[PDB]
Structure formats: C-alpha cells, structure tokens
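Working notes for the structure below.
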Amino acid sequence: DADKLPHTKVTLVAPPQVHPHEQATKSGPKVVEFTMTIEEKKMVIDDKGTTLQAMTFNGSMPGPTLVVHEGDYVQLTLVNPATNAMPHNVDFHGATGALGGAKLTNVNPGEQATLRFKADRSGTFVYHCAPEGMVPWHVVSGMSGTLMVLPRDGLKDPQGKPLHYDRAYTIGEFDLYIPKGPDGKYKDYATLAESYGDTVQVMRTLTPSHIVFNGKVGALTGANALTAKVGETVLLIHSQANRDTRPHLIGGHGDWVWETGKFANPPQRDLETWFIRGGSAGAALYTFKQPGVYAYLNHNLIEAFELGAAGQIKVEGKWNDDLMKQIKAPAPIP
Amino acid sequence: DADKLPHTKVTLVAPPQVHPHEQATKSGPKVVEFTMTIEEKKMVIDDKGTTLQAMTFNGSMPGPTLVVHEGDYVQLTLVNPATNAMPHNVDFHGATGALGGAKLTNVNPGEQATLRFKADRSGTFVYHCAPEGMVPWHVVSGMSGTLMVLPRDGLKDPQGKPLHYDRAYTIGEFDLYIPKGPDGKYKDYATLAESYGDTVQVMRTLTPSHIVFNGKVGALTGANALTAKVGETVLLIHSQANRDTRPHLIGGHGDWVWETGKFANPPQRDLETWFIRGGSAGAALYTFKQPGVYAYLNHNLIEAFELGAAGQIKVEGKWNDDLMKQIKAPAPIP
Amino acid sequence: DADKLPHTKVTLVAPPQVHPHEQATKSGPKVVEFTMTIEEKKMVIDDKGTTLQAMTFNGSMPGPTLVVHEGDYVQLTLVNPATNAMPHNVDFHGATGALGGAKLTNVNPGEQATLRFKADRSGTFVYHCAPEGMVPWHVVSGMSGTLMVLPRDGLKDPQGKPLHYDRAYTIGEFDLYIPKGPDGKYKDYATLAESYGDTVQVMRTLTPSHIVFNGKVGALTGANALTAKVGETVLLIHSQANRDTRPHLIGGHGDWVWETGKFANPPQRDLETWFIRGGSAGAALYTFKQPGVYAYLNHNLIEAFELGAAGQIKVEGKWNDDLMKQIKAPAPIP
Ligand SMILES: O=N[O-]
Ligand SMILES: O=N[O-]
Ligand SMILES: O=N[O-]
Ligand SMILES: [Cu+2]
Ligand SMILES: [Cu+2]
Ligand SMILES: [Cu+2]
Ligand SMILES: [Cu+2]
Ligand SMILES: [Cu+2]
Ligand SMILES: [Cu+2]
Ligand SMILES: [Zn+2]
Ligand SMILES: [Zn+2]
Ligand SMILES: [Zn+2]
Ligand SMILES: [Zn+2]
Ligand SMILES: [Zn+2]
Ligand SMILES: [Zn+2]
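Keeping their order, the protein sequence lines are chains X, X' and X''. A prime marks a further copy of an entry chain. Going by PDB author numbering, the first sequence opens with residue 2, and the numbers climb by one from there. Going by PDB author numbering, the second sequence opens with residue 2, and the numbers climb by one from there. Going by PDB author numbering, the third sequence opens with residue 2, and the numbers climb by one from there.
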C-alpha cells in the first residue's frame, strides 16, 4: 500500500542534464514527489530569428527528465499559472489508467493538481500534454519529456550481467510546423492562440519546417555541446513524442541500445543507427574510446543538417592509433 | 501430403472481430477452407462526406482476418463477381511461391480461383491484392487484411512460458490519397476507373489525405469502440499493407508485442509504442488493469487526431488506486 | 599491434555482386587493403531520361561492398582524381573515431589518403562521404555503400547454431531529389555545382522525386535481375544511408534477418517485411524453396512501383506443390 511508504522529494534539473539519482539501489520503494510548472512562451528556434509560439513543462523543450525506480510511485504536482492562456494536463506513458493521468490532471490557468501512479515497468517513457481536442498542437509546440524508470538492481545486458552509465544526457527531438505568409517568410504571432489555425494547416502536410534537439537549431552544439571523457559511459536518452527519428553517433556506436526504451528487454549491441518511434523514448549506452568532437544526430541527414536535428559531444582524452590511424595524410596522387 | 489431411471449413467474420478459433490445440494439421468475395464500392471515409472509390475483400476494410495453425494448409476460394469492373488477385505474405499466390489467382470480373498453400510459419501476415501494373492502387484503395498463423502449442513468452488472449481484435490502418479539384474540395468519382489517374498523382506526393482505421474516421470510436473488462487479455492485430505506423494504447501498454509480427521470435514487453512496418502485420497482448475509455492510435498524433488513425476501447471494471490515484483534484493555486 | 599483422589485398567488384570472401575462417587477423576512386558523373536514373548530377565511390551507386572479419583492420586508400570538381572524404560507420574517418580523409581533386581502422564490431555498416557543410548532398547524390564485418566463426542463429549464405547480393537504395523547372519537367544540369541550390530546395521538402535500387529505376530487373536456385541461401545486404526503407521479398521471407544489421545480436526469423533505418545497412538470409521470378522491394508500394524501389530475383528449380498449389485455375463463377 502506497500510503505506508516513505516519501522522497526530487529537485529537477534542466535538459540536457538529468537530476542526480542512483542506478542499482538497496532502497525499498518510495513515493517520489516532483513538481513542474507549465510555461507558455515565444521562443527563437533557429539562426535566422524564426519564432515558435511554444508550450513547455518547466520552461524547457523537452521538459525535465524524471527518474525513479521500478516499484516506486511517482507523485507529480502539475502547476498551470494564471499567466498562461491555455488549459493543460499530463499523460505519462509510464502510467496505467485514465489516459495516462490526463483525465485526472486537467488544469486551467491558475489551477494545479497532484497525480500519483505506480511506476511498475522499467524503461524510458514519454510524458506529454494531452488536452482533449488539441493534443497534437500541445505536443508539437513543446509539451513533452521523459520519465526514466530504472530497474531496482540497475541495467542488465542480454546475459543478465550488470551495465551502467557514468553520465546521463536527455535529448528531446521536436518536429516543428511553423507557418509562412504569402511572402514566403515564417509568421510571427503575437499570441499562442493566434498561431493555432495556421499551424494546424502546416501539421496536416506532415512536413516539419524545422526538426530540433532541445528547442532550437544548435541547442547542443558548440559551447552547448555535450561533454565526456575517454573511458566514461554515457546514457543518451532520446525522446520523440510525435514523429520517428533515427539516432546516430558519428565516429561512435550504440554499445547497448534499447530503441523501444524498455529495460526488461535485452538491449541490442554495436548499433550504427537506432530507431525511436514517434510517441516513445529510447536509450543508448556508449563508452568513449577516442577523443574529439562527435556529432549526435538524426540520420535522415536532411532532417539533421538542413532542418536542425543534430548536436555534438566534445570528448577529452588520448587518441588510440590501434582503433584508428591516418596512415597517409591527404597528399597529391602519384 | 496435403491430400490425405482432413478438410475443415471456416466462416469469416467482419472486422474488428476475428472468427472463433483455438490457440493451443491437440489437433493435427488440416486443410482449412475459406472463401472471400471481392466488392468494389464507393465508401464515405470521413465526417464531412468525403468518398473513396474503394476496393475490398468481403466488403470491409480491412478484409477479414483468416486464422489457422502452423502446419495447416490455407485453401482460399477467391471470387470476383461480374458486378466488379477490375481484375484482382491475392498475395499472401504468409505463403511461399508465385508472388504470394498472386500469379495463380488472377481473376477477371465473373471469375474465381482456389489457391492452396502451406502455412509453415507462425505470425500475423498481410494478405493483399496485387494485379500487375496496378499494385499500389489496389492496396491503398482497401484490398488488404491479415492471415494469423498460430503456433500449434499457442503463443510463448521469451522464456518459453505460455501466453494467451481472451479476445482478439483486428485493426487495419489505411493511408488514403483522395484527390482535390481546383476549388480545394475532395473529388467525388462516378466510377472506380475515373479515380485512377488523379489518385496516382496524390500517391506520388507520399502525403495521405486521410489515414483511417477500418475504412473511416471514427470506425472504432464511440458506439463502435472496442470493448473489454479488467482482467481480460486482448490481442490487438494491426495491419498496414503500404505505410509505417506506430501503435499506442493511451493509459495502457503492449505487455507482450511482436511488432514484426512473427511468433517464433521472442516478444518485447512493457512497450509504450511499437512499430508496424508498411507491408506487415504486428500483434500486441495487453491485460487491462483499469476501467475507462482508452484510445488506441497511431502515435504520430497528427496522423491520429488530424488524419484519422485513432480508435477507442471501452473497459469495464473496478478502479485501482494503487496503480493510479488523483491525490489532489484540479483546484486554485495557493 | 596492427603493424605486426599480415597484410592482404582485396579486389572490389561492382554491385550487386560482392567480392569473394570466406565466412567462418581459421585465419587470424589481417590488415585488409582496399582502394576506391571517386567519380562524379551525370547518370540517367529513369526510363524517361531524367538525369542526376551524381557522385560515386568507384563509379557505382552504391559503392562496392567491402568485406572483412571481426578483428581485422580495414586500410582504405581513397583517391579523388583531378577530373572531379568537389572535395570528398569517407565516414565508416564501422569505425571508431574522427567522425568515422571523415576528419582524416579530406581529399581535394587530385589528392588521396589512406585510412586504417580496426573492424572490432561485426555487422553490415554504411560508409558514406561526409564533407563539412555538404554532407546530405554528397550522400543523396550517391556516395554510400556497405562494409560487412563477419564474425570470425561465421553467422549464428539465436541458439548459437551456424548460419551461412551460398551467395551474397548488395542493394543500395537511393532517395533522389531531382528539381523541376516552371514547365514541370526535371532539370538537366551542365555541371554538378549548378545542381546544388535547386536540389537542396527539393531535399528540404523531404519528398524524393525517385527512390531507386542501385542507381536507377529497373537496375535490378529483367536482364539485370538477381539470380538463384532452389536450395541456395542468399544474403541480401540492404543499405540506405539517408532514409528509412522496408524490404520485402514477394513470395518469400526473411528466414533470418538482422534489420539493424549487427551480427552479435540474434536474428529474427520468418519476417515478411523488415526495416532498415536511414543511416544503416541490414542483412537477410533466405533459402529459396520455389522457382520463379520474385520481386524484392521497399514495401511502401508507392515508393516501390511509382518511385522506383523494386527489383527482381529469377530463381531456377522444381516447383513444390506441398508449399503451394493452384487447386482450381481462374474460371467462370458457378
Ligand atoms: O555517420 N555520419 O552521419
Ligand atoms: O499517449 N497519448 O497519445
Ligand atoms: O507482397 N507483395 O508486395
Ligand atoms: Cu498543454
Ligand atoms: Cu502519448
Ligand atoms: Cu484488386
Ligand atoms: Cu506485399
Ligand atoms: Cu563526396
Ligand atoms: Cu553516417
Ligand atoms: Zn527510487
Ligand atoms: Zn563507467
Ligand atoms: Zn488449425
Ligand atoms: Zn486470460
Ligand atoms: Zn578477414
Ligand atoms: Zn547453403
């Protein structure tokens, strides 16, 4: 019975980081308490100044990643401030019943609610807003993120041997549908409500204007690149709440990958490219063996390089000539 | 030798139901006999009165699901009445040889044929019409369904333990390509033949005008919702003969899923969203634990809510506060 | 240490063939040496005379398949003749570090370089050109192929039992983005450089004008059909460096399939249709049981029959009435 369990309180952190947590643990089940506050805002999503009338959990795309263990109960307080214009809610794919909790968390601006559900299944799961009649709009405008439910004894390989990560990053990939006017320029809307009708028209074409990691072209590049060192294992959590994507690490691999994102299933190894189904979150482990700047992208290379679905990981350490060596540098042909 | 085996005769039923059958069985192999009659007809596919010049097996989209056991022989009589305008045939993905049987079942209006093949592989398999030179048109106009070949000893989990369903539903998802005229309204064609050239032009854009379960927007919603009770296991058979989709049960999961649809492979568990490749049928088991109305949809939410790829399952029984509880209902913020 | 190993030299062959190689082998690791020469050229890609300003490894789309064993080192010499206009390089998904080798193989026209990397992971892996700032263009214009890294003891089934192929074919599937002018005809460009800006515009729509196997509509059909005999096992290597596809053998199956293409993972059996993620190569084994002409295609049937993604395999041998029999030929209805 959940009433008798100890309660713990978790402080969320902004993507691409993930809040401190244990993997394998000796702890018994808890009611883990989180709070998120919805923020509607206009956001600049590319280098040329295009805006999106956006909607977010906790001010970021994606929302923050919530982490518990299998057997825990998630208890979320969802706050919709009066400064917002729209009603909202939350649908946890990791939860059982009531349209993922959507039916029990309908909050108008100035309202809040508290949902509890049992995280009885391990994996990365999408959570997203789902107000009746406007579900796709809320999702594609930015209202999604990941619940990671770790097995109580940590991750396991196909033979039941222990797996771990030394650092976790969360990447949300957003297919955006920004309208254009008669002049072929992207439209800038004074309010969220005014963007709706034009946006639905773009949505129905099924062609994104932009596809971005973490809310904007270049969000995870240059100074905002992910980081690691040779010998460190990274978990890359990839969520896509609306559309398929195909993650790849250039110069790397998915050492162990759960592309459907459910940890009770054996992972696949040595992947070049994996597949996240629209409406899901997946997870890949990789241990870096070479230093340098890696690209982490959607391997529809148009979607990556033209439309925005690409980032970087800057990796420190010592080059390894056994794994790779320039035998003869570029030089004239004999 | 198939000539020495007992023959049985099966009466098909309309989707979303599936005809009575055994899962695990003590029976030896049989020649199982079915008959289907092709019906070309104009069908209303949405709420605003849009029509499709459709083609069907047995008058429905999808065609009915045929169920046998591994080692059985399927013996289909395919009837093409003289009231039809086009030639037709059938390609069983579950069969070996002759383009799935297409080469041996070419039937002009007023003709019929009888095909036999050995169902030597377990799984859900697409069957579809495939006349030379017009294959995509016949498929996207509605001529597909599922052959389910159960293992003789029933479904099994990754550890070889028994799995079962208490009820089976079949869902066919149809990407439609309805042309529009200069006024931006959908075209209404007097005959099947007249729809062809305009439709091929829409097809080549790769953008469906509509994507529907079972032949129309809302076919599996409201009064036509699927049904179940808490404690019952449902098999959800999902076919898509032309285009990828990503099934999800809102507030539920795929407890055991064969997304490529082939039962000799271990299923995956705890899926939020699975993937049916265009040209295949997949299958998911789920045991309901909460009552209420669930949505079962393609989790490209545009494809679902805007274009039509969504239905409902109405589930009876007792709410379970351990799995989910509204701790604090929506109420003003402190 | 790679310097102490024996060097071997391999002569590449044109797709759809694959160069002679061993599967299971008693040989220890080698440094296997290959050379490829880039050729930019205009190519006719369909029946109506449409051209593509193409870019290739070794004059073909796809490039040739390179085959080694796990533990070998690949040592490629990449030649960019002075007759080419653009700089190029190579990114091996099978390699670790330096953006797959791209950073160490930047070659202007008239230059060459030699890369070595350790093929420490078994599977089929994409290789492709990846010049900074122009990656998608080089890829979609034809610069990709497959590195197959076989396990030293050959392929294995889920229970660790031996698998083999008697013949291997390599199929590269290319989503092309050919621009049109104001008259609705495809544009013909005098040079590679001139095609760029118009092509990027088509790319950004995400709608291919054509999707072809091995560089052109019908490349693997009629006289250029693949061949086999009843009782022979074929390996079908399928690469797609930019966009998803869904291979299917009409009248056949994937007997054992590694759709993510990584041989240390158990294969799936009895597949009707499998899924190659954009940015990957997959592999399927099939043993023919019936003679006749099979179609091997992308089972988005529009992509196959309308846009070009389909070929044929002509199979010799004796028909098998147990697997399939025309019980009653097409004939009038009673
Ligand atoms: O593997 N570079 O897209
Ligand atoms: O999980 N609701 O799309
Ligand atoms: O299975 N014929 O597309
Ligand atoms: Cu919302
Ligand atoms: Cu959802
Ligand atoms: Cu037909
Ligand atoms: Cu088919
Ligand atoms: Cu190049
Ligand atoms: Cu790549
Ligand atoms: Zn915990
Ligand atoms: Zn570590
Ligand atoms: Zn039977
Ligand atoms: Zn039951
Ligand atoms: Zn070798
Ligand atoms: Zn053999």
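Just so it is clear, CB atoms sit at the ideal spot from N, CA and C, and this is done for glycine as well.
For residue i, the nearest candidate out of the options (CA to CA)
i: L250/X''; options: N299/X'', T52/X'', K181/X'' and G309/X''; result: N299/X''
i: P333/X'; options: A3/X, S61/X, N107/X and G50/X; result: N107/X
i: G283/X'; options: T115/X', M204/X' and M149/X'; result: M149/X'
i: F175/X'; options: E317/X', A120/X' and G280/X'; result: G280/X'
i: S123/X; options: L324/X, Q327/X and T261/X; result: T261/X
i: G232/X'; options: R168/X', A305/X', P183/X' and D245/X'; result: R168/X'
i: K43/X''; options: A242/X'', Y190/X'' and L286/X''; result: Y190/X''
i: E317/X; options: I277/X, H8/X, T288/X and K5/X; result: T288/X
i: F118/X; options: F126/X, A305/X and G101/X; result: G101/X
i: residue 1/X'; options: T171/X', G255/X' and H94/X'; result: Since the displayed chain X' opens at 2 and closes at 335, residue 1/X' lies outside it and no answer follows.
i: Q327/X'; options: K27/X, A103/X, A265/X and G143/X; result: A103/X
i: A229/X'; options: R247/X', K319/X' and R153/X'; result: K319/X'
i: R278/X''; options: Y297/X, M135/X, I303/X and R247/X; result: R247/X
i: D48/X''; options: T222/X'', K263/X'', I314/X'' and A265/X''; result: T222/X''
Expected contact under 8 Å - CB spacing of residue i and residue j to nearest Å
i: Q113/X'; j: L79/X'; result: 6 Å
i: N215/X; j: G173/X; result: 6 Å
i: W257/X''; j: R270/X''; result: 6 Å
i: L308/X; j: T208/X'; result: So it is not a contact: roughly 17 Å between Cβ atoms.
i: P63/X; j: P16/X; result: 6 Å
i: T97/X; j: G252/X'; result: 7 Å
i: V203/X'; j: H211/X'; result: With 8 Å as the limit, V203/X' and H211/X' do not qualify as a contact, their Cβ atoms being about 11 Å apart.
i: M325/X''; j: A99/X'; result: 6 Å
i: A3/X''; j: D245/X; result: 39 Å between Cβ atoms; not a contact.
Coil, strand or helix - residue i by DSSP
i: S196/X; result: helix
i: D323/X; result: coil
i: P183/X; result: coil
i: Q160/X''; result: coil
i: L302/X''; result: helix
i: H165/X''; result: coil
i: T206/X'; result: helix
i: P267/X; result: coil
i: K43/X''; result: strand
i: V150/X'; result: strand
i: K5/X''; result: helix
i: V19/X''; result: coil
i: residue 1/X'; result: As displayed, chain X' neither begins before 2 nor continues past 335, which places residue 1/X' out of reach and without an answer.
i: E273/X''; result: coil
i: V201/X'; result: helix
Every unbroken beta strand (DSSP E) inside the segment 210-261 of chain X' [3 residues or more]: 211-214, 227-230, 234-241, 248-250 and 255-259
Cβ contact (3+ pairs, closer than 8 Å) linking the segment 193-208 of chain X and the segment 277-294 of chain X: no
The segment 234-248 of chain X / the segment 85-100 of chain X'' touching (three or more Cβ pairs under 8 Å): no
Whole beta strand (DSSP E) elements within the segment 52-135 of chain X, 3-residue minimum: Here the runs fully enclosed are 52-58, 67-70, 74-81, 112-119 and 124-129.
Three or more C-beta pairs below 8 Å linking the segment 146-162 of chain X and the segment 174-181 of chain X: no
The segment 161-170 of chain X' in contact with the segment 125-135 of chain X' per 3-pair CB rule at 8 Å: no
Cβ contact (3+ pairs, closer than 8 Å) linking the segment 317-332 of chain X and the segment 47-56 of chain X': The answer is no - the segment 47-56 of chain X' does not touch the segment 317-332 of chain X, with fewer than three Cβ pairs under 8 Å.
Touching by the beta-carbon criterion (3+ pairs, under 8 Å), the segment 31-39 of chain X'' and the segment 64-79 of chain X'': With the cut-off at 8 Å, the segment 31-39 of chain X'' and the segment 64-79 of chain X'' touch.
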